[PDB]
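S.K.: Have a look at the structure that comes next, please.
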Amino acid sequence: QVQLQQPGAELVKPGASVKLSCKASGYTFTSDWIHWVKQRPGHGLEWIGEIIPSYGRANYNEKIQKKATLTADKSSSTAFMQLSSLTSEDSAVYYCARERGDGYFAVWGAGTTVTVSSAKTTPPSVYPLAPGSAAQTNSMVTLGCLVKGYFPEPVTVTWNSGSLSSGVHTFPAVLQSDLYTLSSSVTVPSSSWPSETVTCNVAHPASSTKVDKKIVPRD
Amino acid sequence: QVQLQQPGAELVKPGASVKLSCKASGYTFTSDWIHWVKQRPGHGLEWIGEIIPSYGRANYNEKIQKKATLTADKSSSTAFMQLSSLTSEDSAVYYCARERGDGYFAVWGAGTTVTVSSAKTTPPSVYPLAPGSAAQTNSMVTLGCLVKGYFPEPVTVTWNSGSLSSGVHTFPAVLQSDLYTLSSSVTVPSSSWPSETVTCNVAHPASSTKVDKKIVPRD
Amino acid sequence: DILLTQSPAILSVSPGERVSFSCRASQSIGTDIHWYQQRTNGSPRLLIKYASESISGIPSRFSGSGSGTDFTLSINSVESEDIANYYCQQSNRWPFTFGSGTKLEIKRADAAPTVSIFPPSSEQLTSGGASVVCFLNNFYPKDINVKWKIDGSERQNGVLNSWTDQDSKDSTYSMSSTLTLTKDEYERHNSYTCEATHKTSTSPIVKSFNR
Amino acid sequence: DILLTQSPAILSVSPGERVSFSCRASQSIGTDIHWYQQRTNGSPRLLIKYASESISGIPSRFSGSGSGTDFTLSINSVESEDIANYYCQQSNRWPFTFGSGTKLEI
Amino acid sequence: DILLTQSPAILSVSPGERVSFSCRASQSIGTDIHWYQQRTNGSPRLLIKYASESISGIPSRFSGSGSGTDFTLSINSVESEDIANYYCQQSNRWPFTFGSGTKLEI
Amino acid sequence: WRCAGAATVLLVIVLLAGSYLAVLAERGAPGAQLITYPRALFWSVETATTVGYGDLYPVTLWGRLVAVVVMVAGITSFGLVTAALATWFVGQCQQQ
Ligand SMILES: CCCCCCCCCCCCCC(=O)O[C@@H](CO)COC(=O)CCCCCCCC
Ligand SMILES: CCCCCCCCCO
Ligand SMILES: [K+]
């Protein structure tokens, strides 16, 4: 089961300060250490710091700027990293990983996409993409969803709640005047549609919105 | 005396699994380790793994793929390396060496030529090579044997069971549509022939065949 | 602090071949190195711990070796699911440090794109805007060019392209092209055309639709 | 693992001359290096153990030297029977590793 | 004696940017490196002790990092008062040795 | 009667608590190698027995203070464990 749970995304104003969480399930030991890893887009993994919830002891990466303060709540089993005075350089994905005090990271979190911008949140608009009246069909059909006009990243697009995953593409988003837009695609056997339902499940964690859209055939 | 005895050759089908042996004679100590070294043709020595027959403990080379399982039989003093799921890359000579637990390999085995191919075994055909009726003889005579049409390598050609070894050449085999062919040569004083016998002893361990052929003078 | 160098940074290989990743340490760390895998939009996943010890739930083609300063992660035979980034991480001295990362690429067979043009949805038109979408899916290699034709006339303003990384299901590539036009301007035209030019065909693959 | 580099790979020399083979280690192994000889279609044969200690049954022209990372196997005066491949092998750390090999030519 | 190499010797940078000075040791000194600042016609002033520990009376934009042989002194955002020479000095082995110095330019 | 088990319990407590506090004190210092619990437990044994190979040792103020407690409490307790083993061995040295 998801051993480490992190919020989807956090939008931070330039100069503000966010507080990220990492709730742990599974075995909890007195020798457990919780780590935080920052991954700027296009870069690699960057170690931030560590904290042992048993003693309250915490350490930080001296190699970079220390903009973080690690805390924990032993009652609720949730670690907290408080980033203060955020800039454009701090926009990255922040993971949390559990270490049994033996060197490696056994389990990781999903990561929290922290965006630092003065803009405002915008829910996405989902539009079906069904083929036209004159498209010759092969043994397979291609159709998808269109997520347009949202901020900030990311959006999680699934098809039939993960039931369909083979032949599924989600293209990276593009920025267009403080708004994002991407698309997704499915490739199913032609006989299985529209005899069987096909629906994309778009989730935008920054606005806490989740919507479904069925891909019905165009007349 | 030959302290480590290994089979001559083993023919393995692609995807099969062979089991090699290494019977030890001489002093047997509780601190003895048996090692296995693979030598691909044209390459160098490559350490596979080790096993101590006293405890049954065995180790393997993590640097390459572990296709081997080392075992021993303390009653018969024979080590066993079981190679499984063999490919074309596994065709090599496999030695066994004894280490007194002090670092070096005191004695080595003769090696087992393992060939991985879908072909079939073929015994060799030995043909004498005596000079012609009009060859001017020097103080020395040159004559040999012709080992043609066998599979797989190798063949061991001796002359008078090792009595004659100075001036003896055995040329490397050539492949010709899933069949090998090589030749051997001798250079003896002219007066010593045919007053004294000259015979090549060809052995093909893959088919378990051993034949002698006398080199009599052509009329 | 211990510096972990991963050379090279991109490892291209034909399918079925043996692949080895390299991780060099600035000083001897014994065997306290660990390997992680990260796919697109994914989190790191432990592959090998302590140079060579395997993890529960990893294919047997993943193996590791090395000691001192030089370490190696090997994939016995590569398939499309192995396309990701690979990182090494040491635990011998404080603090823990990661490697620079190495990306794996596969030289699959050539594939022509599957072109599909989609008209603007009725829900989008109700809002007052429009946009035609064209999908170029499962082509190889990555080099490809797209052209939009509004009523046979080549049009470029309002086009937005998006390329994916090498796909982890079939080692191919995919891209999407979206021409965004106002419903007012979109109604001022009849036929729209998506022209995909790939190296797998002399004639460009065309998919058109009439309004 | 300890990497044993044998440079160069081919050693050509006139008869009677002194010859020296080189074996460099990726890290200091003390004196736990051992030399082997392998002729054509033959099995390896121990020549020198622990850098310099001679083996029973080896010509006196075979000698060894070195410590730390650089080691040397010397043949005082070469004759035709010395034409073979020569390997070094360390026993300081696990696992045992062989060298790349050096071929002698006359 | 331990040789401290500061490369490069001149560090030119626009204002507000992050700057990092480099100090490499001829052998591992652990974390016994210390940083000093010297302005024109001035005496050296301690900035960071033991690689990373800050000194009472130093702006928070001064930080340090490193262990073994490679060390770094960073200025988070440079202003005109940071224009000076910067030296590293080790205290792991005798005698104490200074670095060659690095000049900051804006 | 056999209080040797009580000294053995105190030894294990010092070995465990010492290895736990050592990792807690060493993590944070660049270059520290006593930063994982499994090998820190063997370091406690190296210190309590006074063997001290030197492959592991603290380099921090607290970490060295933890070592002092492991020295004072561990060498005393291990000295009591090994003294009882010595007495017992002599008890059979005459039942020849
Ligand atoms: C708070 C608890 C403190 C102590 C916890 C100890 C847990 C033991 C788990 C063993 C897992 C091995 C780790 C590993 O894969 O690494 C091995 C290879 O490096 C090294 O093995 C070791 O670390 C040896 C263990 C210590 C020796 C015991 C001394 C006996 C008195
Ligand atoms: C630097 C962290 C301090 C941890 C010290 C634990 C208690 C030590 C008692 O000697
Ligand atoms: K020592």
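Residue numbering restarts at 1 in every chain; chains get A, B, ... in the order shown in the structure tokens, and ligands count up from 1 in that same order.
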If the limit is 12 Å from any atom of ligand 1, counting only C-alpha atoms and all ligand atoms, which residues qualify? Return them as number ranges by chain.
M.R.: A: 29-33, 54, 100-104; C: 29-34, 48-55, 67, 91-92; F: 8, 11-24, 34-49, 56
S.K.: Could you list, as a PyMOL selection string, all the residues within 10 Å of ligand 3, counting only C-alpha atoms and all ligand atoms?
M.R.: chain F and resi 52-56
S.K.: Skip residue 196 (chain A) itself and residues of its chain fewer than 4 positions away, then list as a VMD selection string all residues within 12 Å of it, counting only C-alpha atoms.
M.R.: chain A and resid 160 164 188 to 192 214 to 217
S.K.: Please find the residues of chain B near chain C - the criterion being any atom within 10 Å, counting only C-alpha atoms - and write them as a list in words.
M.R.: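 Taken together, these residues fit the definition: residues 61, 62, 63, 64, 65 and 66 of chain B.
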S.K.: Which residues are close to region 199-203 of chain C, i.e. within 7 Å by only C-alpha atoms, leaving aside same-chain residues fewer than 4 positions away? Reply as a list in words.
M.R.: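 Surrounding residues, per the criterion: residues 110, 111 and 112 of chain C.
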S.K.: Using only C-alpha atoms, determine which residues lie at most 8 Å from region 120-130 of chain A, disregarding the query and same-chain residues fewer than 6 positions distant; provide the list as a PyMOL selection string.
M.R.: (chain A and resi 11+143-152+179+202+204+206-207+209+213-218) or (chain C and resi 118-121+123-124)
S.K.: Can you write just those residues out, N, CA, C and O atoms, as a compact mmCIF listing (two decimals), in the first residue's frame?
M.R.:
# COMPACT_ATOMS: atom_id res chain seq x y z
N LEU A 11 0.76 25.70 -4.65
CA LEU A 11 1.07 26.96 -5.33
C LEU A 11 1.50 27.98 -4.29
O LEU A 11 0.77 28.25 -3.33
N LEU A 143 -8.67 7.77 -29.95
CA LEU A 143 -9.45 8.88 -29.43
C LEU A 143 -8.90 9.24 -28.06
O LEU A 143 -8.28 8.41 -27.38
N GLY A 144 -9.13 10.48 -27.65
CA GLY A 144 -8.56 10.94 -26.41
C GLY A 144 -9.32 12.11 -25.80
O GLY A 144 -10.42 12.44 -26.22
N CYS A 145 -8.70 12.71 -24.79
CA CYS A 145 -9.23 13.87 -24.09
C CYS A 145 -8.32 15.07 -24.32
O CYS A 145 -7.16 14.93 -24.71
N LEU A 146 -8.86 16.26 -24.07
CA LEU A 146 -8.14 17.52 -24.24
C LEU A 146 -8.25 18.33 -22.96
O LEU A 146 -9.31 18.89 -22.66
N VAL A 147 -7.16 18.39 -22.20
CA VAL A 147 -7.10 19.19 -20.98
C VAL A 147 -6.49 20.53 -21.36
O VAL A 147 -5.30 20.61 -21.70
N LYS A 148 -7.29 21.59 -21.29
CA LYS A 148 -6.87 22.91 -21.75
C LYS A 148 -7.19 23.96 -20.70
O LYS A 148 -8.26 23.94 -20.08
N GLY A 149 -6.24 24.88 -20.50
CA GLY A 149 -6.45 26.03 -19.64
C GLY A 149 -6.50 25.72 -18.16
O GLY A 149 -7.57 25.79 -17.54
N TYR A 150 -5.35 25.39 -17.57
CA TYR A 150 -5.26 25.13 -16.15
C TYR A 150 -3.92 25.62 -15.63
O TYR A 150 -2.98 25.85 -16.40
N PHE A 151 -3.83 25.79 -14.31
CA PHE A 151 -2.63 26.30 -13.67
C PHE A 151 -2.73 26.03 -12.17
O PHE A 151 -3.79 26.27 -11.59
N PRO A 152 -1.67 25.51 -11.54
CA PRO A 152 -0.44 25.08 -12.20
C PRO A 152 -0.39 23.57 -12.41
O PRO A 152 -1.38 22.88 -12.14
N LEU A 179 -1.19 29.67 -18.58
CA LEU A 179 -2.16 28.58 -18.66
C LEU A 179 -1.51 27.39 -19.36
O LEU A 179 -0.73 27.57 -20.30
N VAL A 202 -9.80 13.02 -15.40
CA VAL A 202 -8.84 14.11 -15.23
C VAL A 202 -8.90 14.60 -13.79
O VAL A 202 -9.99 14.86 -13.25
N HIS A 204 -6.97 17.47 -11.13
CA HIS A 204 -6.10 18.64 -10.98
C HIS A 204 -5.93 18.92 -9.49
O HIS A 204 -6.74 19.64 -8.89
N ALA A 206 -4.11 20.82 -7.69
CA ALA A 206 -3.89 22.18 -7.20
C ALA A 206 -5.21 22.90 -6.94
O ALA A 206 -5.26 23.78 -6.07
N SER A 207 -6.26 22.56 -7.68
CA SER A 207 -7.59 23.13 -7.45
C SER A 207 -8.54 22.15 -6.78
O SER A 207 -9.68 22.52 -6.50
N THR A 209 -9.99 19.39 -7.99
CA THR A 209 -11.09 19.10 -8.91
C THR A 209 -10.83 17.78 -9.62
O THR A 209 -9.70 17.50 -10.05
N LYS A 213 -15.26 12.34 -18.22
CA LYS A 213 -15.85 12.69 -19.51
C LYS A 213 -15.89 11.44 -20.37
O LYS A 213 -14.84 10.88 -20.70
N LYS A 214 -17.09 11.01 -20.75
CA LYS A 214 -17.22 9.85 -21.62
C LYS A 214 -16.94 10.24 -23.06
O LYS A 214 -17.30 11.33 -23.51
N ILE A 215 -16.27 9.35 -23.79
CA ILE A 215 -15.98 9.55 -25.20
C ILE A 215 -17.04 8.78 -25.97
O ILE A 215 -16.89 7.60 -26.29
N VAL A 216 -18.15 9.45 -26.27
CA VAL A 216 -19.25 8.88 -27.04
C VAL A 216 -18.96 9.09 -28.52
O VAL A 216 -18.16 9.97 -28.87
N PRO A 217 -19.56 8.31 -29.42
CA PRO A 217 -19.28 8.50 -30.85
C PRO A 217 -19.96 9.73 -31.40
O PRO A 217 -21.11 10.05 -31.06
N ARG A 218 -19.25 10.43 -32.28
CA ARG A 218 -19.85 11.54 -33.01
C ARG A 218 -20.83 11.01 -34.04
O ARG A 218 -20.56 10.02 -34.72
N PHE C 118 -8.72 15.34 -35.10
CA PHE C 118 -9.97 15.42 -34.37
C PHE C 118 -10.58 16.81 -34.50
O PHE C 118 -9.88 17.81 -34.29
N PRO C 119 -11.86 16.92 -34.85
CA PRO C 119 -12.49 18.23 -34.95
C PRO C 119 -12.73 18.82 -33.57
O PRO C 119 -12.70 18.10 -32.57
N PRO C 120 -12.96 20.14 -33.48
CA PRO C 120 -13.25 20.74 -32.17
C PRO C 120 -14.56 20.20 -31.61
O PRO C 120 -15.53 20.00 -32.33
N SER C 121 -14.57 19.98 -30.30
CA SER C 121 -15.74 19.43 -29.64
C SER C 121 -16.85 20.47 -29.53
O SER C 121 -16.60 21.68 -29.52
N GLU C 123 -18.67 20.98 -26.92
CA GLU C 123 -18.56 21.65 -25.63
C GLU C 123 -17.56 22.79 -25.69
O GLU C 123 -17.73 23.80 -25.00
N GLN C 124 -16.50 22.64 -26.48
CA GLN C 124 -15.53 23.72 -26.63
C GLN C 124 -16.10 24.86 -27.47
O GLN C 124 -15.87 26.04 -27.16
S.K.: Can you tell me which residues sit at most 12 Å away from ligand 2, counting only C-alpha atoms and all ligand atoms, written as a VMD selection string?
M.R.: (chain A and resid 51 to 52 55 to 59) or (chain F and resid 14 17 to 29 58 to 73)
S.K.: Convert the current residue selection to file output with N, CA and C atoms, as an mmCIF file, in the first residue's frame.
M.R.:
data_model
loop_
_atom_site.group_PDB
_atom_site.id
_atom_site.type_symbol
_atom_site.label_atom_id
_atom_site.label_comp_id
_atom_site.auth_asym_id
_atom_site.auth_seq_id
_atom_site.Cartn_x
_atom_site.Cartn_y
_atom_site.Cartn_z
ATOM 1 N N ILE A 51 15.298 13.517 8.870
ATOM 2 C CA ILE A 51 14.775 13.688 10.221
ATOM 3 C C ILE A 51 14.340 12.327 10.747
ATOM 4 N N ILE A 52 14.671 12.057 12.005
ATOM 5 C CA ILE A 52 14.255 10.835 12.687
ATOM 6 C C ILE A 52 13.082 11.191 13.595
ATOM 7 N N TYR A 55 13.442 10.787 17.846
ATOM 8 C CA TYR A 55 14.127 11.737 18.710
ATOM 9 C C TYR A 55 13.844 13.196 18.371
ATOM 10 N N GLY A 56 13.293 13.483 17.192
ATOM 11 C CA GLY A 56 13.131 14.843 16.727
ATOM 12 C C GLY A 56 14.360 15.435 16.081
ATOM 13 N N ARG A 57 15.409 14.637 15.876
ATOM 14 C CA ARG A 57 16.688 15.070 15.319
ATOM 15 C C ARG A 57 16.599 15.248 13.801
ATOM 16 N N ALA A 58 17.200 16.329 13.302
ATOM 17 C CA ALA A 58 17.095 16.668 11.887
ATOM 18 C C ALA A 58 18.420 17.203 11.349
ATOM 19 N N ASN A 59 18.681 16.905 10.076
ATOM 20 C CA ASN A 59 19.894 17.326 9.385
ATOM 21 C C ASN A 59 19.535 17.914 8.025
ATOM 22 N N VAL F 14 23.964 -1.441 26.758
ATOM 23 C CA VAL F 14 24.973 -0.456 26.380
ATOM 24 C C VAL F 14 25.325 -0.589 24.902
ATOM 25 N N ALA F 17 21.989 0.808 23.010
ATOM 26 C CA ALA F 17 21.818 2.242 23.216
ATOM 27 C C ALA F 17 23.013 3.028 22.699
ATOM 28 N N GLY F 18 24.213 2.451 22.781
ATOM 29 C CA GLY F 18 25.386 3.139 22.271
ATOM 30 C C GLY F 18 25.384 3.254 20.759
ATOM 31 N N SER F 19 25.020 2.171 20.068
ATOM 32 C CA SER F 19 24.964 2.213 18.611
ATOM 33 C C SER F 19 23.834 3.106 18.119
ATOM 34 N N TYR F 20 22.732 3.178 18.868
ATOM 35 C CA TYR F 20 21.625 4.041 18.471
ATOM 36 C C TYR F 20 21.989 5.513 18.627
ATOM 37 N N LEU F 21 22.618 5.874 19.749
ATOM 38 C CA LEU F 21 22.969 7.271 19.982
ATOM 39 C C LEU F 21 24.164 7.706 19.143
ATOM 40 N N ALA F 22 25.022 6.765 18.745
ATOM 41 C CA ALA F 22 26.163 7.116 17.906
ATOM 42 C C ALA F 22 25.708 7.559 16.521
ATOM 43 N N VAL F 23 24.827 6.780 15.891
ATOM 44 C CA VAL F 23 24.269 7.176 14.601
ATOM 45 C C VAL F 23 23.517 8.493 14.732
ATOM 46 N N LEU F 24 22.815 8.680 15.852
ATOM 47 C CA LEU F 24 22.091 9.926 16.078
ATOM 48 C C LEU F 24 23.039 11.109 16.222
ATOM 49 N N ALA F 25 24.248 10.876 16.730
ATOM 50 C CA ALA F 25 25.209 11.951 16.940
ATOM 51 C C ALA F 25 26.134 12.165 15.752
ATOM 52 N N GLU F 26 26.373 11.130 14.946
ATOM 53 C CA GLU F 26 27.317 11.228 13.840
ATOM 54 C C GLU F 26 26.691 11.765 12.561
ATOM 55 N N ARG F 27 25.422 11.455 12.301
ATOM 56 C CA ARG F 27 24.749 12.001 11.130
ATOM 57 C C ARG F 27 24.660 13.516 11.239
ATOM 58 N N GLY F 28 25.281 14.210 10.291
ATOM 59 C CA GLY F 28 25.330 15.658 10.320
ATOM 60 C C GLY F 28 26.735 16.184 10.115
ATOM 61 N N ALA F 29 27.729 15.322 10.328
ATOM 62 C CA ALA F 29 29.121 15.693 10.136
ATOM 63 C C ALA F 29 29.620 15.120 8.821
ATOM 64 N N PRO F 58 33.871 7.613 16.124
ATOM 65 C CA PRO F 58 33.177 8.901 16.041
ATOM 66 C C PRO F 58 34.138 10.048 15.760
ATOM 67 N N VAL F 59 33.582 11.119 15.192
ATOM 68 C CA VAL F 59 34.372 12.297 14.845
ATOM 69 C C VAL F 59 33.665 13.571 15.297
ATOM 70 N N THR F 60 32.608 13.405 16.086
ATOM 71 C CA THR F 60 31.864 14.535 16.627
ATOM 72 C C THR F 60 32.004 14.601 18.146
ATOM 73 N N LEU F 61 31.650 15.749 18.714
ATOM 74 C CA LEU F 61 31.735 15.959 20.154
ATOM 75 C C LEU F 61 30.838 14.988 20.914
ATOM 76 N N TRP F 62 29.568 14.944 20.526
ATOM 77 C CA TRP F 62 28.605 14.057 21.144
ATOM 78 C C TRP F 62 28.933 12.625 20.854
ATOM 79 N N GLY F 63 29.231 12.327 19.593
ATOM 80 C CA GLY F 63 29.580 10.967 19.214
ATOM 81 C C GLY F 63 30.737 10.422 20.029
ATOM 82 N N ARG F 64 31.744 11.259 20.281
ATOM 83 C CA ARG F 64 32.845 10.846 21.144
ATOM 84 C C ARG F 64 32.414 10.777 22.603
ATOM 85 N N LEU F 65 31.478 11.635 23.018
ATOM 86 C CA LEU F 65 30.925 11.523 24.364
ATOM 87 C C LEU F 65 30.128 10.236 24.525
ATOM 88 N N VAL F 66 29.389 9.837 23.486
ATOM 89 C CA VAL F 66 28.698 8.551 23.517
ATOM 90 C C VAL F 66 29.705 7.418 23.641
ATOM 91 N N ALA F 67 30.838 7.534 22.944
ATOM 92 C CA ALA F 67 31.871 6.507 23.031
ATOM 93 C C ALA F 67 32.423 6.396 24.446
ATOM 94 N N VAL F 68 32.531 7.523 25.154
ATOM 95 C CA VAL F 68 33.024 7.495 26.529
ATOM 96 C C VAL F 68 32.079 6.699 27.421
ATOM 97 N N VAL F 69 30.769 6.872 27.229
ATOM 98 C CA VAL F 69 29.802 6.098 28.002
ATOM 99 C C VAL F 69 29.889 4.621 27.638
ATOM 100 N N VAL F 70 30.074 4.316 26.351
ATOM 101 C CA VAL F 70 30.242 2.927 25.931
ATOM 102 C C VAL F 70 31.523 2.346 26.508
ATOM 103 N N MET F 71 32.555 3.174 26.672
ATOM 104 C CA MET F 71 33.799 2.699 27.268
ATOM 105 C C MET F 71 33.629 2.434 28.759
ATOM 106 N N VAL F 72 33.083 3.404 29.493
ATOM 107 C CA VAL F 72 32.990 3.274 30.945
ATOM 108 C C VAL F 72 32.015 2.164 31.327
ATOM 109 N N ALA F 73 30.837 2.143 30.699
ATOM 110 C CA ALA F 73 29.809 1.161 31.026
ATOM 111 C C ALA F 73 30.008 -0.180 30.331
#
S.K.: Please identify all residues of chain E having at least one atom at most 12 Å from any atom of chain C, considering only C-alpha atoms, and return them as a ChimeraX atom specification.
M.R.: /E:27-31,51,64-72
S.K.: If we count only C-alpha atoms and set the cut-off at 12 Å, which residues sit around residue 57 (chain E), ignoring sequence neighbours fewer than 4 positions away in its own chain? Please answer as a ChimeraX atom specification.
M.R.: /E:45-48,61-62
S.K.: Name the residues in contact with region 150-163 of chain C at a cut-off of 12 Å, using only C-alpha atoms, excluding same-chain residues fewer than 6 positions from it; report them as a VMD selection string.
M.R.: (chain A and resid 169 to 176 180 to 184) or (chain C and resid 130 to 139 142 to 144 172 to 182 185 to 195 206 208 to 211)
S.K.: One decimal, in Å: what's the spacing between CA of residue 4 (chain C) and CA of residue 24 (chain C)?
M.R.: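 Computing the Euclidean distance for CA of residue 4 (chain C) and CA of residue 24 (chain C) yields 5.7 Å.
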S.K.: Among the residues of chain D, find those DSSP assigns to strand (DSSP E) from the backbone and print them as a PDB file with C-alpha atoms, in the first residue's frame.
M.R.:
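Output contents, as saved in out_28.pdb:
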ATOM      1  CA  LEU D   4      44.702  -5.519 -13.060  1.00  0.00           C
ATOM      2  CA  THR D   5      46.133  -3.684 -16.078  1.00  0.00           C
ATOM      3  CA  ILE D  10      52.589  -7.619 -26.836  1.00  0.00           C
ATOM      4  CA  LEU D  11      56.288  -7.725 -25.918  1.00  0.00           C
ATOM      5  CA  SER D  12      58.659  -8.298 -28.849  1.00  0.00           C
ATOM      6  CA  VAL D  19      62.374  -8.839 -20.642  1.00  0.00           C
ATOM      7  CA  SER D  20      59.998  -7.380 -18.051  1.00  0.00           C
ATOM      8  CA  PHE D  21      56.206  -7.678 -17.882  1.00  0.00           C
ATOM      9  CA  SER D  22      54.147  -4.983 -16.159  1.00  0.00           C
ATOM     10  CA  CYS D  23      51.025  -5.380 -14.010  1.00  0.00           C
ATOM     11  CA  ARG D  24      49.345  -2.345 -12.431  1.00  0.00           C
ATOM     12  CA  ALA D  25      46.595  -2.586  -9.812  1.00  0.00           C
ATOM     13  CA  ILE D  33      50.064 -10.846  -6.835  1.00  0.00           C
ATOM     14  CA  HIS D  34      50.781 -14.101  -8.661  1.00  0.00           C
ATOM     15  CA  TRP D  35      52.019 -14.858 -12.179  1.00  0.00           C
ATOM     16  CA  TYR D  36      50.883 -17.611 -14.548  1.00  0.00           C
ATOM     17  CA  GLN D  37      52.100 -18.915 -17.907  1.00  0.00           C
ATOM     18  CA  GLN D  38      49.904 -20.409 -20.636  1.00  0.00           C
ATOM     19  CA  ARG D  45      51.024 -22.724 -14.888  1.00  0.00           C
ATOM     20  CA  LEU D  46      52.116 -20.887 -11.749  1.00  0.00           C
ATOM     21  CA  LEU D  47      55.443 -19.072 -12.196  1.00  0.00           C
ATOM     22  CA  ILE D  48      55.834 -16.730  -9.205  1.00  0.00           C
ATOM     23  CA  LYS D  49      53.762 -16.407  -6.032  1.00  0.00           C
ATOM     24  CA  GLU D  53      58.730 -15.958  -4.275  1.00  0.00           C
ATOM     25  CA  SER D  54      59.818 -18.601  -6.781  1.00  0.00           C
ATOM     26  CA  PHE D  62      62.052 -16.026 -13.980  1.00  0.00           C
ATOM     27  CA  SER D  63      61.953 -13.426 -11.201  1.00  0.00           C
ATOM     28  CA  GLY D  64      59.415 -11.002  -9.791  1.00  0.00           C
ATOM     29  CA  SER D  65      59.346  -7.685  -7.978  1.00  0.00           C
ATOM     30  CA  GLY D  66      57.017  -4.918  -6.875  1.00  0.00           C
ATOM     31  CA  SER D  67      54.665  -3.757  -4.130  1.00  0.00           C
ATOM     32  CA  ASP D  70      53.089  -1.717  -9.708  1.00  0.00           C
ATOM     33  CA  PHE D  71      54.499  -5.221 -10.199  1.00  0.00           C
ATOM     34  CA  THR D  72      56.993  -6.779 -12.595  1.00  0.00           C
ATOM     35  CA  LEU D  73      57.814 -10.253 -13.916  1.00  0.00           C
ATOM     36  CA  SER D  74      61.280 -10.490 -15.467  1.00  0.00           C
ATOM     37  CA  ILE D  75      62.926 -13.095 -17.695  1.00  0.00           C
ATOM     38  CA  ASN D  85      50.803 -15.613 -22.541  1.00  0.00           C
ATOM     39  CA  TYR D  86      51.442 -14.237 -19.055  1.00  0.00           C
ATOM     40  CA  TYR D  87      48.739 -13.282 -16.547  1.00  0.00           C
ATOM     41  CA  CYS D  88      48.827 -11.614 -13.136  1.00  0.00           C
ATOM     42  CA  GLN D  89      46.274 -12.375 -10.427  1.00  0.00           C
ATOM     43  CA  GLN D  90      45.673 -10.694  -7.070  1.00  0.00           C
ATOM     44  CA  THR D  97      40.836 -11.088 -10.407  1.00  0.00           C
ATOM     45  CA  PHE D  98      43.048 -11.819 -13.402  1.00  0.00           C
ATOM     46  CA  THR D 102      50.620 -10.037 -22.225  1.00  0.00           C
ATOM     47  CA  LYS D 103      51.997 -12.015 -25.174  1.00  0.00           C
ATOM     48  CA  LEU D 104      55.744 -12.532 -25.632  1.00  0.00           C
ATOM     49  CA  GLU D 105      57.275 -12.535 -29.120  1.00  0.00           C
TER      50      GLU D 105
END
S.K.: Enumerate the residues of region 19-94 of chain F with a DSSP assignment of alpha helix (DSSP H), computed from the backbone, and present them as a ChimeraX atom specification.
M.R.: /F:19-26,37-48,61-92
S.K.: Could you give me, as a tab-separated table, a per-residue list for chain B showing, wherever an atom lies at most 12 Å from an atom of chain D, the closest pair of atoms and their distance in Å to one decimal, using only C-alpha atoms and sorting by chain then residue number from low to high?
M.R.:
residue	atom	partner	partner_atom	distance
B:4	CA	D:43	CA	11.7
B:35	CA	D:96	CA	10.2
B:36	CA	D:96	CA	11.4
B:37	CA	D:98	CA	10.0
B:38	CA	D:98	CA	11.4
B:39	CA	D:43	CA	10.2
B:41	CA	D:41	CA	10.5
B:42	CA	D:40	CA	10.9
B:43	CA	D:100	CA	8.6
B:44	CA	D:100	CA	6.4
B:45	CA	D:98	CA	6.4
B:46	CA	D:98	CA	6.9
B:47	CA	D:97	CA	6.8
B:48	CA	D:96	CA	9.9
B:49	CA	D:95	CA	8.8
B:50	CA	D:95	CA	9.6
B:59	CA	D:95	CA	9.2
B:60	CA	D:95	CA	8.7
B:61	CA	D:95	CA	7.3
B:62	CA	D:95	CA	9.0
B:63	CA	D:1	CA	8.7
B:93	CA	D:43	CA	9.8
B:94	CA	D:43	CA	10.2
B:95	CA	D:43	CA	7.8
B:96	CA	D:43	CA	10.0
B:97	CA	D:44	CA	9.5
B:98	CA	D:46	CA	11.8
B:99	CA	D:91	CA	11.1
B:101	CA	D:91	CA	10.2
B:102	CA	D:91	CA	8.3
B:103	CA	D:91	CA	5.0
B:104	CA	D:34	CA	6.6
B:105	CA	D:46	CA	7.1
B:106	CA	D:46	CA	6.5
B:107	CA	D:45	CA	7.4
B:108	CA	D:44	CA	6.8
B:109	CA	D:43	CA	7.0
B:110	CA	D:43	CA	5.9
B:111	CA	D:43	CA	7.2
B:112	CA	D:43	CA	10.8
B:113	CA	D:41	CA	11.0
B:153	CA	D:41	CA	11.8
B:154	CA	D:41	CA	9.9
B:155	CA	D:41	CA	10.9
B:156	CA	D:41	CA	10.0
B:157	CA	D:41	CA	11.9
B:169	CA	D:40	CA	11.5
B:170	CA	D:41	CA	10.3
B:171	CA	D:40	CA	11.1
B:172	CA	D:41	CA	9.9
